[PDB]
DNA sequence: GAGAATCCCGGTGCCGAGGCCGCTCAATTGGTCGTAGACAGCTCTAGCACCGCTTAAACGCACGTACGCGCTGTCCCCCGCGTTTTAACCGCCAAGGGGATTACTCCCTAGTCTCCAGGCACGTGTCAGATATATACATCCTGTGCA
DNA sequence: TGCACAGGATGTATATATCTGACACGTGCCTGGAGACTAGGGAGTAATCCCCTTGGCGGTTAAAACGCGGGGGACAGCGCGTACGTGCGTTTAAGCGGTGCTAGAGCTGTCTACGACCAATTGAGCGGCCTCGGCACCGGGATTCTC
């Protein structure tokens, strides 16, 4: 049959996800995560769905900004693949230690 | 015929200037610079003496804060020497554009 | 009772685009936006009026605040629109 | 009252709608009236007391 | 350089003047349009940015072109002769 | 399985929204730790706003003020 | 010639404050490039502060007030 | 004797007296001047008009009659001064711009 | 092994950091009144929990090819250093221009009563999408026959 | 063994009929913004004093500018292997959606005690002035990296 170059259908998937605006994290594991992390500070705590939504959009926006900064720091480092030392450099030069 | 290796006296004077805390910029050319950048907006400007020292402390602190980050960027770039892309990478990761 | 800027925002887009609908989410985005500029301008003006040892907030205080907060191009358009509106309001004679 | 140009003192035919300054012709509008800084138009209008 | 010499030889072998003056005026209008596209606050550059955004949703070169247009106008004036004042 | 409740292609989805090309395998638990350390700072402020309000439920406004605290303000749910 | 007021051994003085063994010779013109902008951004928000006070001298109080507006509240000279 | 509001006295479609009410019981100063709510009303009206103009041609560039926050997000981040104003704010359901660095393309 | 280059130990004005008293406003005490937080008590939105069907996404094992990384060889440009030279800085005198402040004025903004229409809230109608008939015409594919 | 022709089947093509489907407009209401009237104190104007800061000296001196030899560093280039992407089989547990229940948001009523406001008072923290020892500065010997 006919195949594709590794690194070409990746660009199609990148442009598909960047034209898209849909949410990329599943709702129920995220709600379990925020309830298990809110159990540490105060028990018997209920939640509202728009609060979970605001938390979710905040975290994916911060993750997208961090991933763009890591990509920029990695292509500064004469490479293509991102590694954890670029994550540490981006967090160190972003202020959050 | 005693010649030092390049960079040893650099590290030694680095140690003395880590001990030292005085101002490193000449005062009167800095006054000339702030007057010549201030005449563009309203002529016949008077200047207090303490404000120029506050400005000098501000630019020295901002130099130190940016220079530490570009040092970390150049260390991360597998080099001993800084360059222009280290500077705009530090300004990009700090968020100063 | 709850307050929104929905009708005023509505007529604002009706002068510029008559055949244009609006989303409720977009209306909430716009309401949060105008409220944020309002609280920023108000705290800048109150802080400046406290800094000049004055107990009155006037038009020149928010004039300096608009010069301070907004970038220069949108700043002089904003103060131009404000000056024509204020001089039109002050002609009650 | 007669209308005169605020920049040159000649006969003012047109008035700019932004800063309300009477000017004489097109190149006066392009060189002076259009790119003038704020705070200058009020001083130009101070001479005839129109601010 | 032989090609350049041959081109010069061909040039030596070589209402129309009013049409050339109209072309010079159109080149001046093109320089004005390039200056309007350079200023991003202008409506021409705003329309160009709107066209770029619609495609997304689907200055030294201008000075060199103006210098070349002025050279072409000077060549046309020399051909007419041979073959912005402060007072206004 | 709560900390790793975020599945393996989800960090990939957030990565290609961030415009990366090649992803390493050791980033995933580190991004999980970064996520949990951001979330720890956010919801601590959110539940302090919650127990000040004499309530045991976290509704829509004490979270948007919580992200308004550190300069990461979000629009739309301010009412 | 007055824009050359900051001098190359003073940039070396700032460079040996940061702790770097080797400084390339084209950093010195880059360091001026990041300076004439940045202090400019306090001059945009100092003298207009001064202009609101009917004031034709800048002093020690309005400059630290401008830095507090920018985000670098500094100690030592009042305010 | 009956006369209309201050907003059409200033020729504005935003509520002047409501801005004055929010200024007075917003607790910013103990005395509030007369011309301040008119100036603030004009400034916020102009900013809303400019934002809705940008959302307008952003939505005409997608061939639609309604405003989605995709259009708002685009009209914010393709303009540089609104980029500088709204740098630290995140919009609800906005996404990101289509961008790719030059060396990451299949250059060959 | 030597040599710059330090850390360390002791003598010197000095000048800027601790008392001190004079005293002038600002914190303290008391009283009165009008309202705003506290508590009780109430009506319904909405959040938690659970069952079950559908299925699209996710986990796992397999392999294949760039790409991260190890080594190398070389221009070469920063680096340490001697020599001019240039402006920075300290001591100082003199002006005058601009900030602080005192002092009376008057207007306009705070406060209160009245009162009616602005904008909310909640009802009812009107052009865009989706299955459906439908018959005839045209194109494409498959089968058969012929050379 | 291939090619051409004929026949059959499928797809297309453009108003209907229905027919929802989510949108934009015609009436209540109530309360808060606007007009009218009173008070008082906050900018505002201005003049006067005195303090600092902008120019102008001059000498001298750290300190920048400039040219010069040599040595590691960044530069491109080439090979080794494996880690990431690509894929199909195989779960699985997200999603819809539906229902059942009750905590708890939210609103209303009433109350009284905390706090605004005002007048008299006493003391304490600002300031001017006075006096001296901690630290920088200078000089000279011990001591540690570098070559």
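Swiss-Prot numbering applies to chain G: residues 25-103, in that order.
Header lists the method as electron microscopy, 3.2 Å.
Quick reminder: no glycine exception, Cβ is built from N, Cα and C everywhere.
If you check Swiss-Prot, you get these features:
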type	residues	note
MOD_RES	G:32	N6-glutaryllysine
MOD_RES	G:32	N6-(2-hydroxyisobutyryl)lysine
CROSSLNK	G:32	UFM1 cross-link
MOD_RES	G:48	phosphoserine
MOD_RES	G:78	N6-(2-hydroxyisobutyryl)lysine
MOD_RES	G:78	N6-glutaryllysine
MOD_RES	G:78	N6-butyryllysine
MOD_RES	G:80	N6-acetyllysine
MOD_RES	G:80	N6-glutaryllysine
MOD_RES	G:80	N6-(2-hydroxyisobutyryl)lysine
MOD_RES	G:92	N6-propionyllysine
MOD_RES	G:92	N6-butyryllysine
MOD_RES	G:92	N6-glutaryllysine
CROSSLNK	G:92	ubiquitin cross-link
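Projection of Swiss-Prot feature records onto the structure.
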| residue | record | DSSP (3 states) |
| --- | --- | --- |
| G:32 | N6-glutaryllysine | helix |
| G:48 | phosphoserine | coil |
| G:78 | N6-(2-hydroxyisobutyryl)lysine | coil |
| G:92 | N6-propionyllysine | helix |
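Note on proximity: of the modified residues G:32, G:80, G:92, the one nearest residue G:48 (phosphoserine) is G:32, by Cα distance.
Residue environment of residue G:32 (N6-glutaryllysine) contains 14 other Cβ atoms, counted within 10 Å of its Cβ in all protein chains. Each of the modified residues G:78, G:80, G:92 was scored by how many other Cβ atoms lie within 10 Å of its Cβ, and the smallest score goes to G:78. Restricting the modified residues G:78, G:80, G:92 to those with a CA within 10 Å of the CA of residue G:32 (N6-glutaryllysine) leaves an empty set. Rounded to a whole number, the C-alpha distance linking residue G:92 (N6-propionyllysine) with residue G:78 (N6-(2-hydroxyisobutyryl)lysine) is 21 angstrom. Proximity to chain E (Cβ-Cβ distance under 8 Å) holds for none of the modified residues G:32, G:48, G:78, G:80, G:92.
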